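Okay, final-v3.tsv now, which holds TSV, C-alpha atoms:
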chain	number	residue	atom	x	y	z
L	1	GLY	CA	-14.86	22.23	-30.40
L	2	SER	CA	-11.12	22.94	-30.52
L	3	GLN	CA	-9.01	21.29	-27.81
L	4	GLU	CA	-5.74	20.60	-29.62
L	5	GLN	CA	-2.73	19.47	-27.61
L	6	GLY	CA	-0.61	22.33	-26.30
L	7	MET	CA	-3.10	25.15	-26.86
L	8	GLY	CA	-2.14	28.31	-25.00
L	9	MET	CA	1.36	27.01	-24.25
L	10	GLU	CA	3.06	29.69	-26.35
L	11	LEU	CA	1.34	32.28	-24.16
L	12	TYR	CA	2.13	30.17	-21.09
L	13	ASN	CA	5.85	30.34	-21.87
L	14	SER	CA	5.92	33.95	-23.08
L	15	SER	CA	3.78	35.90	-20.56
L	16	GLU	CA	4.10	35.95	-16.78
L	17	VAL	CA	0.38	36.64	-16.29
L	18	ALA	CA	-0.71	33.67	-18.40
L	19	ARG	CA	1.81	31.63	-16.41
L	20	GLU	CA	0.13	32.85	-13.22
L	21	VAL	CA	-3.34	31.92	-14.48
L	22	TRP	CA	-2.27	28.44	-15.57
L	23	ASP	CA	-0.22	27.90	-12.40
L	24	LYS	CA	-3.10	28.84	-10.10
L	25	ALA	CA	-5.46	26.57	-12.03
L	26	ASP	CA	-2.99	23.67	-12.09
L	27	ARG	CA	-2.24	23.99	-8.38
L	28	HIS	CA	-5.94	24.02	-7.54
L	29	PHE	CA	-6.56	20.99	-9.76
L	30	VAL	CA	-3.66	19.06	-8.23
L	31	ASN	CA	-4.72	19.89	-4.68
L	32	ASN	CA	-8.50	19.41	-5.00
L	33	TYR	CA	-8.89	16.87	-7.84
L	34	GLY	CA	-5.54	15.07	-8.10
L	35	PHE	CA	-4.51	15.92	-11.67
L	36	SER	CA	-2.54	18.58	-13.51
L	37	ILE	CA	-4.50	20.36	-16.22
L	38	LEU	CA	-1.17	21.56	-17.61
L	39	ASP	CA	-0.09	17.93	-17.97
L	40	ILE	CA	-3.41	17.07	-19.64
L	41	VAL	CA	-3.13	19.94	-22.12
L	42	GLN	CA	0.57	19.50	-22.90
L	43	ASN	CA	0.65	15.70	-23.21
L	44	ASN	CA	-2.98	14.67	-23.82
L	45	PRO	CA	-2.65	11.21	-22.23
L	46	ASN	CA	-5.20	8.58	-23.21
L	47	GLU	CA	-5.72	7.45	-19.60
L	48	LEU	CA	-5.03	9.10	-16.25
L	49	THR	CA	-5.06	7.48	-12.82
L	50	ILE	CA	-5.99	9.49	-9.72
L	51	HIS	CA	-4.72	8.17	-6.38
L	52	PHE	CA	-6.64	8.87	-3.18
L	53	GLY	CA	-3.98	7.94	-0.61
L	54	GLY	CA	-3.01	10.25	2.21
L	55	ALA	CA	-4.93	13.07	3.85
L	56	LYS	CA	-4.84	15.25	0.74
L	57	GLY	CA	-5.83	12.25	-1.36
L	58	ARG	CA	-8.77	11.52	0.92
L	59	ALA	CA	-9.85	15.15	0.67
L	60	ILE	CA	-9.69	14.75	-3.11
L	61	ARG	CA	-11.73	11.55	-2.86
L	62	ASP	CA	-14.37	13.34	-0.79
L	63	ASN	CA	-14.44	16.11	-3.41
C	1	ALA	CA	17.92	-6.38	4.31
C	2	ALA	CA	20.26	-7.62	7.04
C	3	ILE	CA	23.63	-9.37	6.95
C	4	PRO	CA	24.41	-11.87	9.75
C	5	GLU	CA	26.96	-10.40	12.17
C	6	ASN	CA	27.67	-12.24	15.42
C	7	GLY	CA	30.35	-12.36	18.08
C	8	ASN	CA	31.09	-8.66	17.53
C	9	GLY	CA	31.02	-6.76	20.81
C	10	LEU	CA	31.96	-3.18	21.49
C	11	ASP	CA	35.65	-4.10	21.29
C	12	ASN	CA	35.17	-5.77	17.87
C	13	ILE	CA	32.99	-3.38	15.89
C	14	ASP	CA	34.71	-4.47	12.69
C	15	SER	CA	34.36	-3.84	8.97
C	16	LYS	CA	31.54	-6.38	8.90
C	17	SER	CA	29.67	-4.48	11.61
C	18	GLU	CA	30.20	-1.13	9.87
C	19	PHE	CA	29.05	-2.52	6.52
C	20	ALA	CA	26.05	-4.14	8.20
C	21	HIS	CA	25.12	-0.85	9.83
C	22	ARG	CA	25.33	0.82	6.43
C	23	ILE	CA	22.94	-1.76	4.94
C	24	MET	CA	20.45	-1.77	7.81
C	25	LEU	CA	20.36	1.97	8.63
C	26	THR	CA	22.24	4.34	6.35
C	27	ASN	CA	21.42	2.97	2.92
C	28	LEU	CA	17.96	2.05	4.22
C	29	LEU	CA	17.24	5.70	4.97
C	30	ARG	CA	18.82	6.62	1.64
C	31	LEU	CA	16.47	4.20	-0.12
C	32	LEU	CA	13.47	5.76	1.62
C	33	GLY	CA	14.70	9.25	0.78
C	34	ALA	CA	15.32	8.29	-2.84
C	35	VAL	CA	11.78	6.95	-3.13
C	36	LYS	CA	10.55	10.24	-1.66
C	37	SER	CA	12.65	12.29	-4.08
C	38	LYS	CA	11.23	10.32	-7.01
C	39	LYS	CA	7.61	10.47	-5.81
C	40	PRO	CA	5.83	13.16	-7.91
C	41	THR	CA	2.47	13.19	-6.10
C	42	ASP	CA	1.42	13.76	-2.50
C	43	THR	CA	-1.65	11.49	-2.79
C	44	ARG	CA	0.05	8.06	-3.09
C	45	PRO	CA	2.34	7.52	-0.10
C	46	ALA	CA	4.57	4.48	0.35
C	47	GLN	CA	4.15	2.46	3.54
C	48	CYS	CA	7.65	1.71	4.84
C	49	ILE	CA	7.47	-1.51	6.89
C	50	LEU	CA	10.47	-1.07	9.17
C	51	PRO	CA	11.78	-4.31	10.79
C	52	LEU	CA	12.18	-2.96	14.29
C	53	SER	CA	13.58	-5.17	17.03
C	54	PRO	CA	12.43	-5.32	20.68
C	55	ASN	CA	15.95	-6.22	21.89
C	56	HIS	CA	18.18	-3.13	21.73
C	57	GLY	CA	21.39	-4.65	23.04
C	58	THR	CA	19.65	-7.09	25.38
C	59	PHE	CA	21.65	-10.05	24.05
C	60	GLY	CA	24.85	-8.22	23.11
C	61	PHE	CA	27.65	-9.40	20.83
C	62	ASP	CA	25.52	-8.50	17.80
C	63	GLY	CA	27.75	-5.79	16.33
C	64	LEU	CA	25.73	-2.70	15.42
C	65	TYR	CA	22.40	-4.49	14.92
C	66	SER	CA	20.77	-2.86	17.95
C	67	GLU	CA	22.15	0.52	16.89
C	68	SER	CA	20.62	0.18	13.43
C	69	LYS	CA	17.27	-1.04	14.73
C	70	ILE	CA	16.92	1.70	17.34
C	71	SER	CA	18.04	4.30	14.80
C	72	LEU	CA	15.14	3.22	12.59
C	73	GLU	CA	12.79	4.41	15.35
C	74	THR	CA	13.61	8.07	14.65
C	75	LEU	CA	11.49	7.93	11.49
C	76	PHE	CA	8.39	7.97	13.70
C	77	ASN	CA	9.27	11.45	14.96
C	78	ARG	CA	10.80	12.60	11.67
C	79	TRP	CA	7.51	11.82	9.91
C	80	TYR	CA	6.06	14.90	11.63
C	81	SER	CA	9.19	17.07	11.62
C	82	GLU	CA	10.17	16.74	7.93
C	83	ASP	CA	8.46	17.30	4.58
C	84	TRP	CA	8.00	13.60	3.71
C	85	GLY	CA	4.96	12.77	5.84
C	86	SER	CA	2.68	12.71	2.79
C	87	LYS	CA	5.20	10.75	0.68
C	88	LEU	CA	6.24	8.01	3.13
C	89	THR	CA	4.28	6.53	6.03
C	90	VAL	CA	6.14	4.70	8.78
C	91	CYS	CA	4.93	1.29	9.96
C	92	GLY	CA	7.46	-0.11	12.42
C	93	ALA	CA	6.95	-3.83	12.99
C	94	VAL	CA	8.73	-4.87	16.19
C	95	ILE	CA	9.36	-8.46	15.10
C	96	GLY	CA	9.48	-11.03	17.89
C	97	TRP	CA	10.90	-14.51	18.31
C	98	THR	CA	10.81	-15.98	14.79
C	99	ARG	CA	11.62	-19.68	14.44
C	100	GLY	CA	13.78	-21.05	11.65
C	101	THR	CA	15.47	-17.70	11.03
C	102	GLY	CA	19.22	-17.42	11.38
C	103	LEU	CA	18.98	-14.74	14.07
C	104	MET	CA	17.31	-17.27	16.41
C	105	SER	CA	17.95	-20.65	14.73
C	106	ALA	CA	20.29	-21.48	17.63
C	107	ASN	CA	17.41	-20.81	20.07
C	108	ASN	CA	14.71	-22.99	18.47
C	109	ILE	CA	15.39	-25.62	21.13
C	110	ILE	CA	14.63	-23.07	23.89
C	111	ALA	CA	11.59	-21.68	22.05
C	112	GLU	CA	9.37	-24.18	23.89
C	113	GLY	CA	10.82	-23.19	27.25
C	114	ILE	CA	10.22	-19.54	26.39
C	115	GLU	CA	6.62	-20.32	25.42
C	116	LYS	CA	6.03	-22.27	28.65
C	117	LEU	CA	5.46	-18.99	30.57
C	118	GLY	CA	2.49	-18.00	28.42
C	119	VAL	CA	4.57	-16.26	25.75
C	120	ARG	CA	4.27	-16.68	21.99
C	121	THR	CA	7.03	-17.64	19.58
C	122	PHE	CA	6.32	-17.31	15.87
C	123	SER	CA	7.04	-19.42	12.82
C	124	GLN	CA	7.98	-17.77	9.54
C	125	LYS	CA	4.47	-18.14	8.13
C	126	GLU	CA	2.95	-16.62	11.28
C	127	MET	CA	5.34	-13.65	11.17
C	128	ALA	CA	4.54	-13.14	7.49
C	129	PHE	CA	0.82	-13.24	8.27
C	130	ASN	CA	1.25	-10.68	11.04
C	131	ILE	CA	3.35	-8.28	8.95
C	132	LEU	CA	0.95	-8.63	6.01
C	133	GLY	CA	-1.74	-7.64	8.49
C	134	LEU	CA	0.00	-4.26	8.54
C	135	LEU	CA	-0.84	-3.81	4.84
C	136	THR	CA	-4.62	-3.96	5.26
C	137	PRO	CA	-6.54	-0.88	4.06
C	138	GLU	CA	-7.36	0.11	7.64
C	139	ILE	CA	-3.76	-0.04	8.85
C	140	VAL	CA	-2.71	1.67	5.61
C	141	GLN	CA	-5.05	4.58	6.40
C	142	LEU	CA	-3.79	4.58	9.99
C	143	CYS	CA	-0.18	4.81	8.80
C	144	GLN	CA	-1.15	7.65	6.47
C	145	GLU	CA	-2.73	9.47	9.42

Final structure tokens representation of the file:
Amino acid sequence: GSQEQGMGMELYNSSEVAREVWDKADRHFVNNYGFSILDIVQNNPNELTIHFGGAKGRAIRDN
Amino acid sequence: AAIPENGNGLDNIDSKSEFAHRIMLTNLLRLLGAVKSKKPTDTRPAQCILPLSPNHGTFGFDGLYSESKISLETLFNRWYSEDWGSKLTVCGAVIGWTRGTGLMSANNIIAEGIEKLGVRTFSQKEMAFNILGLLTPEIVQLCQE
């Protein structure tokens, strides 16, 4: 219902533990699905292209 | 990118030969490294089609051309040994006898004699077709592997 751009970023910048949570999630998303949830939340792009090249990219494609 | 250097042996490795070596090897590797440094993702590698030569000093009097071309072959090993395997993928095309090009324009007349032994000489269109064959999805995946 509420997914405004930049939500949780004040906590992200202020607290180390929130940074850890967001960093773990972003790393997993980048490695297994090919996008950065932090980028999505901070910038809110209209379109996002995922590339499946390479071994990691092919693993993402199989995911 | 090559500049034409000719008549330069070991005793005449001149400013032209040094500049040519920069273009063909040093700034080539710098271009590849710059592309790597500016690549943000590990899932979209760039296939570097390296114009390797089969004649490493076989003809001589070519300045540092053979040095540059054989130095380009280290990228095959450095793909494994460095942290840019997922960013760049090496596809070394050992280009053969190409007709009409400056490097062998003086040997077009002997191209037929070369071919008479059951050997193939290539026109520019044929070479382009062959090198574009290295950009097929299958060879792209193979380079990525």

What are the nearest atom pairs, with distances in Å to one decimal, for all residues of chain L that come at most 9 Å from chain C, using all atoms listed in the file, set out by chain and rising residue number as a Markdown table?
| residue | atom | partner | partner_atom | distance |
| --- | --- | --- | --- | --- |
| L:30 | CA | C:41 | CA | 8.8 |
| L:31 | CA | C:42 | CA | 8.9 |
| L:34 | CA | C:43 | CA | 7.5 |
| L:50 | CA | C:43 | CA | 8.4 |
| L:51 | CA | C:43 | CA | 5.8 |
| L:52 | CA | C:43 | CA | 5.6 |
| L:53 | CA | C:44 | CA | 4.7 |
| L:54 | CA | C:144 | CA | 5.3 |
| L:55 | CA | C:145 | CA | 7.0 |
| L:56 | CA | C:43 | CA | 6.1 |
| L:57 | CA | C:43 | CA | 4.5 |
| L:58 | CA | C:43 | CA | 8.0 |
| L:60 | CA | C:43 | CA | 8.7 |

Using all atoms listed in the file, which residues of range 10-79 of chain C come within 12 Å of range 118-137 of chain C, and what is the closest atom pair for each, with the distance in Å to one decimal? Give it as CSV, sorted by chain and residue number.
residue,atom,partner,partner_atom,distance
C:46,CA,C:135,CA,10.9
C:47,CA,C:135,CA,8.1
C:48,CA,C:135,CA,10.1
C:49,CA,C:134,CA,8.1
C:50,CA,C:131,CA,10.1
C:51,CA,C:131,CA,9.5
C:52,CA,C:131,CA,11.6

Residue selection dump (C-alpha atoms) as a JSON list (two decimals), keeping the file's coordinate frame:
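Produced file out_5.json, reproduced below:
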[["chain", "number", "residue", "atom", "x", "y", "z"],
["C", 46, "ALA", "CA", 4.57, 4.48, 0.35],
["C", 47, "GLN", "CA", 4.15, 2.46, 3.54],
["C", 48, "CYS", "CA", 7.65, 1.71, 4.84],
["C", 49, "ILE", "CA", 7.47, -1.51, 6.89],
["C", 50, "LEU", "CA", 10.47, -1.07, 9.17],
["C", 51, "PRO", "CA", 11.78, -4.31, 10.79],
["C", 52, "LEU", "CA", 12.18, -2.96, 14.29]]

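If you look at CA of residue 77 in chain C and CA of residue 96 in chain C, they are 22.7 Å away from each other.
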
Subject >> Nearest residue to residue 59 in chain L from the set L:32, L:40, L:45, L:15 (distances using all atoms listed in the file) >> reply: L:32

Original post:
How many Å lie between CA of residue 38 in chain C and CA of residue 84 in chain C, rounded to one decimal?
Top reply: 11.7 Å

Original post:
How many Å lie between CA of residue 7 in chain C and CA of residue 56 in chain C, rounded to one decimal?
Top reply: 15.7 Å

Original post:
So which residues touch range 14-16 of chain C within 7 Å, counting only C-alpha atoms, skipping near sequence neighbours fewer than 3 positions away, as a PyMOL selection string?
Top reply: chain C and resi 5+19-20

Residues within 12 Å of (0.2, 30.2, -13.3), file coords, all atoms listed in the file, listed as a PDB file with C-alpha atoms, in the coordinates of the input:
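The new file out37.pdb reads:
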ATOM      1  CA  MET L   9       1.360  27.010 -24.250  1.00  0.00           C
ATOM      2  CA  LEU L  11       1.340  32.280 -24.160  1.00  0.00           C
ATOM      3  CA  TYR L  12       2.130  30.170 -21.090  1.00  0.00           C
ATOM      4  CA  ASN L  13       5.850  30.340 -21.870  1.00  0.00           C
ATOM      5  CA  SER L  14       5.920  33.950 -23.080  1.00  0.00           C
ATOM      6  CA  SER L  15       3.780  35.900 -20.560  1.00  0.00           C
ATOM      7  CA  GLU L  16       4.100  35.950 -16.780  1.00  0.00           C
ATOM      8  CA  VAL L  17       0.380  36.640 -16.290  1.00  0.00           C
ATOM      9  CA  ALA L  18      -0.710  33.670 -18.400  1.00  0.00           C
ATOM     10  CA  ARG L  19       1.810  31.630 -16.410  1.00  0.00           C
ATOM     11  CA  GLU L  20       0.130  32.850 -13.220  1.00  0.00           C
ATOM     12  CA  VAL L  21      -3.340  31.920 -14.480  1.00  0.00           C
ATOM     13  CA  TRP L  22      -2.270  28.440 -15.570  1.00  0.00           C
ATOM     14  CA  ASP L  23      -0.220  27.900 -12.400  1.00  0.00           C
ATOM     15  CA  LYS L  24      -3.100  28.840 -10.100  1.00  0.00           C
ATOM     16  CA  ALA L  25      -5.460  26.570 -12.030  1.00  0.00           C
ATOM     17  CA  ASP L  26      -2.990  23.670 -12.090  1.00  0.00           C
ATOM     18  CA  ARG L  27      -2.240  23.990  -8.380  1.00  0.00           C
ATOM     19  CA  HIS L  28      -5.940  24.020  -7.540  1.00  0.00           C
ATOM     20  CA  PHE L  29      -6.560  20.990  -9.760  1.00  0.00           C
ATOM     21  CA  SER L  36      -2.540  18.580 -13.510  1.00  0.00           C
ATOM     22  CA  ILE L  37      -4.500  20.360 -16.220  1.00  0.00           C
ATOM     23  CA  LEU L  38      -1.170  21.560 -17.610  1.00  0.00           C
TER      24      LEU L  38
END

Original post:
What lies within 9 Å of residue 3 in chain L using all atoms listed in the file, ignoring chain neighbours under 3 positions off, as a PyMOL selection string?
Top reply: chain L and resi 6-7+41

Dump as a PDB file, in the frame of the given file, selection limited to C-alpha atoms:
ATOM      1  CA  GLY L   6      -0.610  22.330 -26.300  1.00  0.00           C
ATOM      2  CA  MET L   7      -3.100  25.150 -26.860  1.00  0.00           C
ATOM      3  CA  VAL L  41      -3.130  19.940 -22.120  1.00  0.00           C
TER       4      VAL L  41
END
